[PDB]
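Right, one structure below, let's go through it.
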Amino acid sequence: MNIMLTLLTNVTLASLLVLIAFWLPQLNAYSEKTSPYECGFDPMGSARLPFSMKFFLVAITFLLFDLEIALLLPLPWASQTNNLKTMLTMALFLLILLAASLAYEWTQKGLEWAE
Amino acid sequence: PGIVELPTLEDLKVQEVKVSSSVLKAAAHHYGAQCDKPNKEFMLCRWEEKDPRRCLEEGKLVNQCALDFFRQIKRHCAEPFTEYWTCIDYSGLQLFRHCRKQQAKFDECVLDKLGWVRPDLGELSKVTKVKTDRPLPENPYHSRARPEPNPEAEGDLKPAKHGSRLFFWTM
Amino acid sequence: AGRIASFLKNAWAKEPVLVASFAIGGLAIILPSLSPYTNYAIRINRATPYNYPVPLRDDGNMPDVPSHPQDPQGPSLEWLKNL
Amino acid sequence: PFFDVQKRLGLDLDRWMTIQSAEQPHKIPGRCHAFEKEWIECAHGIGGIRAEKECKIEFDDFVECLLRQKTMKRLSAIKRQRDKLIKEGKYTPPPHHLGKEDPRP
Amino acid sequence: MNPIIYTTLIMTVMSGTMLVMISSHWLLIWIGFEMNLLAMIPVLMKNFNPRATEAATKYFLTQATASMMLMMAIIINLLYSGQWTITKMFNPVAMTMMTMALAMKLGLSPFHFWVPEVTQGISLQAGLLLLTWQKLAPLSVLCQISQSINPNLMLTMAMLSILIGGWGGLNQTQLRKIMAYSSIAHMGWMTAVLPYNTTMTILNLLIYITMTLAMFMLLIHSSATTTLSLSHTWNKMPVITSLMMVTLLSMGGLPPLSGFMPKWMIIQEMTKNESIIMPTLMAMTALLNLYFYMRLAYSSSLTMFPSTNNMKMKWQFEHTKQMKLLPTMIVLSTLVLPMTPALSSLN
Amino acid sequence: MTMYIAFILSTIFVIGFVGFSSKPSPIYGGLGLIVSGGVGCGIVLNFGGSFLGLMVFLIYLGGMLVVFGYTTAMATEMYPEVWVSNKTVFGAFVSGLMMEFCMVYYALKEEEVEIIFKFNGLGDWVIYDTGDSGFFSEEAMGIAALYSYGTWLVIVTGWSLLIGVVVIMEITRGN
Amino acid sequence: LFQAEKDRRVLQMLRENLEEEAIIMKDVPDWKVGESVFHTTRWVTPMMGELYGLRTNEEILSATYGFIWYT
Amino acid sequence: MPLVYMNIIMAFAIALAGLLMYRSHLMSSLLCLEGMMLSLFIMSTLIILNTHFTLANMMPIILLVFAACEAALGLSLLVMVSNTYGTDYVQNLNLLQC
Amino acid sequence: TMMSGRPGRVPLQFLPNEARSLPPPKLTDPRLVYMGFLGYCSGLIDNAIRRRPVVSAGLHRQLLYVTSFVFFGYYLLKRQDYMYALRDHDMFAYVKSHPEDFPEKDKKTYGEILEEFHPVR
Ligand SMILES: CCCCCCCCCCCCCCCCCC(=O)OC[C@H](COP(=O)([O-])OCC(O)COP(=O)([O-])OC[C@@H](COC(=O)CCCCCCCCCCCCCCCCC)OC(=O)CCCCCCCCCCCCCCCCC)OC(=O)CCCCCCCCCCCCCCCCC
Ligand SMILES: CCCCCCCCCCCCCCCCC[C@@H](O)O[C@H](CO[C@H](O)CCCCCCCCCCCCCCC)COP(=O)(O)OCC[N+](C)(C)C
Ligand SMILES: CCCCCCCCCCCCCCCCC[C@@H](O)O[C@H](CO[C@H](O)CCCCCCCCCCCCCCC)COP(=O)(O)OCC[N+](C)(C)C
Ligand SMILES: CCCCCCCCCCCCCCCCC[C@@H](O)O[C@H](CO[C@H](O)CCCCCCCCCCCCCCC)COP(=O)(O)OCC[N+](C)(C)C
Ligand SMILES: CCCCCCCC/C=C\CCCCCCCC(=O)O[C@H](COC(=O)CCCCCCC/C=C/CCCCCCCC)COP(=O)(O)OCCN
């Protein structure tokens, strides 16, 4: 309830700021002023053309490493279990495999960007 | 299928313990030390019947014993207890840690006036025995009669008559 | 045992971060099995009363079950107060 | 097809999680624990074919606890009749159903 | 690919299948399927080319959609009964969703389209794996829940699979597509008897796997992927072509060969029920599979096609690495009909 | 029928699914799925699953960042399509919207079966539990039990993650 | 003490609902007042739709989203 | 059954149809797959939250983990397809026609 | 299906303890001889595929083929016989325990039954 009111207040304040910024000043837009910005001249191609991604392999690994966070965040609560020896074995197992996966991608030159 | 039987309102009338949660938390340790027997009888009733309708008298006894406990506190010293529960009421988590002096004064009063000893750590959490005349319920789950199982596999194994008996095979 | 010294020397000269990481991870793996305080941690976890202790029906054959919380029977937490 | 390695070795690889009445942490019970245990007990050992017809009552109670179709329909019927009667104007609900009651601890 | 990584991937595929077979929990069976797919995708792409990438992509999309449907069926079954155990499948809508999910994992018609394309786009080793080992887990799950299976839907899909496999196989010149269509028809034969007797399903599965292993191993021994490349084999390995012809006859289902036994048992089991029309249609449709098997046998063993001059150089070299169990698979794929009553050790 | 908050959140969930279901460019499909993830987080917050909602929101935010990178790299065109820039996309969008509105109307007005069985509505507050117990939270204890009860799940999941890293390496190797 | 008070409060709300629906539904010809929807006769915990069903929307929301929204 | 369950199931059906229908870019199909994961997660969480089953609170976590595994697999395949053809168009994946 | 679930059955036994109360198949059983023939055929096909003298190339490996097939066949036959014995045992017990479903009908002689006659002409 209060978080909804807070979010609404923040979004409304930002929107009113945009509205003020767009309706208070004197607008004079003509074709040359709104043209795309290159440093001095006109662009050759488009900004919508494909832009090659040299770290594409690290990005996919980020998805798999991100989900290893969902497995480790309940660890503060798991420390309150009675049988700590099986919990600590499983928590360390979950991090050794995460370390071994990082080591594997490192040694196979997976962490290097495409040249 | 069937009518749910509910108690009448006059069966649900008792004198209420109308002190706030801070007063209750300030009193909790001594209250558990003194009012243990009715509370344990009520909770044994509660986990043995699995029905709020079958343990109303035990709950009324719980209320009565708690009211007498608070009456004793009110009769012998109310000032140190008021200070203690004012502490407890101020903090948002009702932490015991935030005044041990007022708790000390309350403990001294209840010890040198009523002879009450505050329970130590690990005592109120013990599982205790309770002696009741209430008969153990025969079937609290209201279970039906379980269906009769398949009888058994009895006898000695003998070779199949004329073997497999599949089409032309003779074994 | 002689070449491993030179291997560790080279690693410490070139990759101190990896050496530190492996030493810390190995210590974290092995030390808990050699500690006498992990049993204390387990028993502390076991002594936290999250749930209500349901009383037992008295049948007359329970010499080790208390009749009252302040009775001498039952578990003791004096080891925790001094810990 | 199904190789029951767990039953052979007594392992419990995944049986701990199959039913609501099986050893939850901190003894937290399911919403329909009693219905499920009644159905399982009645159902146990008679086989699947016999169980559907014979224990149909326990399973029906368990499903009613899980999804609460009958209770919702009964409550909706009572509410609709009450709405019709107050639109007709001959019911005048008591103060304790309009937030004007005396609460109890 | 590194041999260690390849072995790890193959063992991960096998461990996913075993996890599907040994699990009593629906979530664990789903995890087994997902692990199987995850390790299976690279194996199809072991030899890299655009066709292998296409096959991997199509297989991934089909299996991912099937996994979606399977998880949705599991969740609906949980909603209508708080049960996680693989059993009678208390809800019928969830049961229909599960049946279509598993059928599309298997390749049963009308979901059969992915199989010919994926088999053609990969090598013969990956095709062997796909057409033999990847059928065990869905069939195991289908066997476990055959009591709640709907006869009208399953039998419709089985008859459709038999018809479509028979018809599509007639048009094919490539060997991998022929094997895929025969796989679809055999899948239909397996799933037709599933609501009646799962022992017959397992028997047909074992016989089909033996014949398929023999046929792929023969096609790998003689490195042939088309009809005319196999037409050359008689000039280098006549014994291989003769064994292939006998294996093809067995695949067709003509007695006294091993292939005849599974259909014979399925027909008997269906006629123990009323079920008279459908086995008749199934046999008359398996005639098509026999026809294109015979076309292959004509092109490869019963006639001698023209050869090339460079075969004289191949005449001087031996087959370097010999696959083990090829002799055993051929014998089990042809001369096992007299041991038919031994199917009682399957229930 | 009490402030309709769960209803509104679920309706926005379906609207976002229709938005990205239309396939009116990856950049806007990612926006739609982000909105759906946020409103789903809210939906499961309203039922007491705060940890699960927050975590799924976080996971999908990361995934959508990766998808945005990949869309600018390999799934872009000269004129990316928005929901009103193409007849097929707009038609699918409005069809999904009208289907959602139609099923909502035929559910609120009448209790008639759509696919599985007819529902009631009545506000999803009716089916709650009255549960007065616990100084902990049930969801957090259940999730934390992944290390004490779910050893087998941890083993299979960790193996799958390591295998997935190896698999992406092998697939994108190339050659 | 809290357990006893909760039992009494729930039972009183259920009795009030019983009397109220007995008055409301007595016009209906074949309505069994107080009929259970379960075959079993053991006690079944209420659903909050059976307790706060006849009450105001403020109380319904305080019972449903009261603790969740209190931050 | 509540009405929020209708909304979640309709979301799943919409995502399934969106996946089934293919336009041009492969990326959009992977978006539909991930949406189907999102809907399955929400449905599982709601059912699991409603009936107090404590031990199944972890299965949505595993569901998300294997969802990420599928997403990574699809992204790797899309990388390779785009490298082969320069676009992620499904029209190019037609070599196995013949 | 039918035999998958039965009371008192060990999952992966392949040969329960109650199977030892059955007569073992003779070593000269014709099915065992056929299994040995299958082993011999496998050995001959192995010789022919590898381009070796089919009848005489490897005697030790052919012997291993034959004995392996016989060895597997013996236990296969034991399990086959055990399962058929279980089938007959269960069927007889079910017939005995349900008399009203399997009643012994009255014995009629062909002098009393009236069969219609169809001439051939
Ligand atoms: C029911 C009753 C029993 C019947 C059971 C079934 C039949 C018997 C078992 C079948 C399996 C056994 C053998 C299979 C492997 C053999 C392969 C082979 O090529 O053999 C070559 C080999 C001769 O080669 P070699 O001496 O090394 O040097 C010449 C070069 O190798 C020459 O090499 P190459 O490169 O010049 O060869 C080229 C040739 C090579 O092509 C072939 O040879 C065809 C291979 C046969 C296919 C087998 C597939 C699996 C078996 C299925 C049988 C189906 C039966 C059901 C009815 C349907 C018929 C298909 O290919 C062609 O020229 C194209 C011709 C296309 C014709 C298409 C028809 C072929 C399929 C017909 C199969 C029917 C069964 C034949 C059985 C015997 C065949 C050798 O033949 C033999 O010497 C073995 C014959 C049997 C030996 C038994 C002798 C034991 C001791 C005798 C005494 C008995 C007991 C003593 C005690 C008594 C007290 C005193
Ligand atoms: C930061 C968060 C808190 C903010 C709290 C205060 C909120 C401030 C409200 C936001 C607007 C402030 C902008 C300041 C100047 C107003 C600009 C605009 O809104 O007014 C006119 C908008 O009016 C329309 O243009 C023409 C008016 C005809 C329509 C009638 C108004 C609709 C209501 C019906 C009549 C009632 C009149 C008021 C009596 C109640 C100008 O429009 P336009 O010329 O394009 O743009 C040029 C603006 N310049 C000149 C300043 C550069
Ligand atoms: C028998 C032949 C096996 C051959 C196949 C091997 C392949 C699988 C690998 C090993 C089998 C895993 C079985 C483990 C099942 C877990 C259950 C059992 O082991 O007990 C657990 C014992 O815990 C141990 O930690 C088991 C795990 C130790 C093994 C570490 C993982 C290494 C496995 C290798 C595969 C992983 C892939 C990556 C390689 C590093 C928990 O005991 P406990 O806590 O009292 O009881 C909990 C129930 N409570 C709540 C009522 C108390
Ligand atoms: C052409 C024929 C193809 C044959 C295929 C390969 C032949 C060799 C088979 C390999 C033998 C080892 C397998 C198992 C040995 C020990 C393991 C033991 O535990 O298995 C038990 C029993 O062993 C196997 O189940 C039976 C294997 C017997 C295979 C031979 C039968 C072939 C069919 C008839 C064709 C004639 C073949 C003649 C020989 C070539 C399992 O019991 P259960 O857990 O309860 O079964 C669960 C699944 N069920 C109930 C649905 C069946
Ligand atoms: C038993 C503990 C297990 C868990 C603890 C570890 C947790 C986290 C640590 C592991 C994370 C991943 C490991 C990454 C492996 C990297 C392998 C590699 O190839 O790195 C080498 C660099 O490192 C090496 O040379 C190989 C290993 C070097 C040392 C690594 C550790 C060796 C052992 C150290 C400690 C031994 C045991 C503890 C005793 C300490 C002494 C007191 C290549 O360098 P680049 O950056 O690619 O080159 C770019 C610059 N031109």
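Below, chains carry the letters A, B, ... as their sequence lines are ordered, and counting in each starts from 1. Both counts, for ligands and for their atoms, begin at 1 and track the order of listing.
For the 3.5 Å distance criterion, the side chains of E:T308 and E:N310 fail to qualify, holding no donor opposite an acceptor. Between the side chains of A:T61 and A:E105, a donor-acceptor pair is found at a separation under 3.5 Å. Side-chain contact annotation: C:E15 with C:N10, donor-acceptor N/O pair under 3.5 Å absent. No donor-acceptor contact under 3.5 angstrom links the side chains of E:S250 and E:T247, judged on distance only. Side-chain atoms of A:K33 and A:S31 form no donor-acceptor pair, as typed in the model, at a separation below 3.5 Å.
When only interatomic distances are considered, the shortest N/O to N/O separation between E:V239 and ligand 1 does not fall below 3.5 Å. Backbone and side-chain nitrogen or oxygen atoms of A:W106 are examined, and one is located within less than 3.5 angstrom of a nitrogen or oxygen of ligand 5.
Annotation for ligand 5: atoms under 4.0 Å from non-hydrogen atoms of C:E15 are 22 (C), 23 (O). Those atoms of ligand 1 that come under 4.0 Å of a heavy atom in E:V246, given as number and element, are 49 (C), 52 (C), 71 (C). For ligand 1, the atoms closer than 4.0 angstrom to any heavy atom of I:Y40 are 90 (C). Near A:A99, meaning under 4.0 Å from one of its heavy atoms, ligand 5 places the atoms 12 (C). In the vicinity of E:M245, heavy-atom distances shorter than 4.0 Å reach the ligand 1 atoms 68 (C), 69 (C), 70 (C), 71 (C). The atoms of ligand 5 that sit less than 4.0 Å from any heavy atom of C:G26 are 2 (C). Each of the following atoms of ligand 5 lies closer than 4.0 Å to a heavy atom of C:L8: 36 (C).
For atom 69 (C) of ligand 1, a protein heavy-atom neighbour is present inside the 4.0 Å cut-off. Note that atom 74 (C) of ligand 1 has no protein non-hydrogen atoms nearby, at separations under 4.0 angstrom. Proximity of atom 97 (C) of ligand 1 to the protein is not indicated, since no non-hydrogen protein atom lies closer than 4.0 angstrom. Within the 4.0 angstrom cut-off, atom 52 (C) of ligand 1 has one or more protein heavy-atom neighbours. Checking atom 49 (C) of ligand 1 against the protein gives a heavy-atom contact under 4.0 Å. The nearest protein heavy atom to atom 23 (O) of ligand 5 is closer than 4.0 Å. For atom 14 (C) of ligand 5, the nearest protein heavy atom lies under 4.0 Å away. Distance check on atom 51 (N) of ligand 5: every protein heavy atom falls at or beyond the 4.0 Å cut-off. Protein heavy atoms are found inside the 4.0 Å sphere centred on atom 36 (C) of ligand 5. Per-atom contact check: atom 41 (O) of ligand 1 touches the protein, criterion being a heavy-atom distance below 4.0 Å. Remark: atom 12 (C) of ligand 1 lies closer than 4.0 Å to at least one protein heavy atom. Remark: atom 2 (C) of ligand 5 lies closer than 4.0 Å to at least one protein heavy atom. For atom 31 (C) of ligand 5, the nearest protein heavy atom is under 4.0 Å away. Inside a 4.0 Å radius of atom 91 (C) of ligand 1 there is not any protein heavy atom.
Heavy atoms from both the backbone and the side chain of I:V54 come within less than 4.0 Å of ligand 1. The part of E:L335 lying near ligand 1 is the side chain, judged by heavy-atom distances below 4.0 Å. Residue contacts with ligand 1 for E:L243 involve side-chain atoms from C-beta outward but no N, CA, C or O (heavy atoms, distance under 4.0 Å).
Nearest to atom 40 (C) of ligand 5 by heavy-atom distance, out of C:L27, A:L92, C:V19, C:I24, is C:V19. Counting only non-hydrogen atoms, the option in C:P16, A:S101, C:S21 that gets closest to atom 6 (C) of ligand 5 is C:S21.
Among protein heavy atoms, atom 4 (C) of ligand 5 sits closest to C:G25 CA, 4.3 Å. Protein heavy atom closest to atom 27 (C) of ligand 5, with residue, atom name and distance, is C:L18 CD1, 4.3 Å. Given atom 17 (C) of ligand 5, the protein heavy atom at minimum distance is A:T107 CG2, 3.8 Å. Protein heavy atom in closest approach to atom 63 (O) of ligand 1: E:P238 CB, 4.6 Å. Of the protein's heavy atoms, C:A11 CB, 3.9 Å lies nearest to atom 29 (C) of ligand 5.
Here the two rings, on F:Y147 and A:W77, have centers that are 6.0 Å apart or farther.
Look at E:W234 and you'll find every heavy atom at least 4.0 Å from all atoms of ligand 1.
With sequence neighbours left out, E:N2 forms a side-chain hydrogen bond (donor to acceptor under 3.5 Å, both in side chains) with no residue at all.
Sorted by chain and number, the residues within 4.0 Å of ligand 2 by heavy atom are A:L13, A:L16, A:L17, A:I20, A:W23, A:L24, A:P25, A:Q26.
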